[PDB]
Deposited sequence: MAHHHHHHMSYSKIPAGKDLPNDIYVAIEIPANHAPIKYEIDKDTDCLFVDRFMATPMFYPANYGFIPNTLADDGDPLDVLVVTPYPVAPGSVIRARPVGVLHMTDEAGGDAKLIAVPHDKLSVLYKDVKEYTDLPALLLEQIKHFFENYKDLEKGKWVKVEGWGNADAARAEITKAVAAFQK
């Protein structure tokens, strides 16, 4: 599928993000089943909120949940499902499931794709509304099964550290 996409053209500040779910999609949590390579519904989330940004992952990375590193990509409008955006990390939302670490990175489009985010260097350069919504969305991002907690934010450096760790984890 996306295996032949590098994690980026110049890591960790220049990455490729495969988009699973476009911005403003309904509050539905999915997962890619590695065994069948199909997208499954996990949860119809108990929130009126919709996806605050486009949602997917960096190809050829490995996070602590066995899945590729998660990324939200802020764009002017929702992109096509399944498309790939060359991107630049600007921050990270820290999450722990009861199974471990579970970071959600924030990225903007690469300067080659648009001039609009060129001076967005940190996540705090984005509207406070968007950051609020992002936090509140993932506070409800979990399955029904009894047995997720949203901590704080990390900066651009912390996001780049997450990527480097995630890339090293995959090649290992």
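Unmodelled segments of the deposited chain, in sequence order: 1-9, 157-158.
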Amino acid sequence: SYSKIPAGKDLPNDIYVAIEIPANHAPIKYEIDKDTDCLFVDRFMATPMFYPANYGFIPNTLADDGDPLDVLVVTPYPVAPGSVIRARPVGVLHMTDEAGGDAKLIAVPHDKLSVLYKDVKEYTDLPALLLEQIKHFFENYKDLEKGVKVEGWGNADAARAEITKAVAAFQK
From here on, numbers count along this sequence of modelled residues.
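Higher average CA B factor: 32-40, of the stretches 32-40 and 49-57. When the two stretches 101-109 and 62-70 are set side by side, the higher mean Cα temperature factor goes to 62-70.
You'll see in the entry that, of 119, 145, 139, 132, the Cα B factor peaks at 145. The deposited CA B-factor of residue 21 belongs to the lowest third of values across its chain. Ranked by Cα temperature factor within the chain, residue 79 sits in the lowest third according to the deposited record. Remark: residue 93 belongs to the lowest third of its chain, ranked by C-alpha B-factor as recorded.
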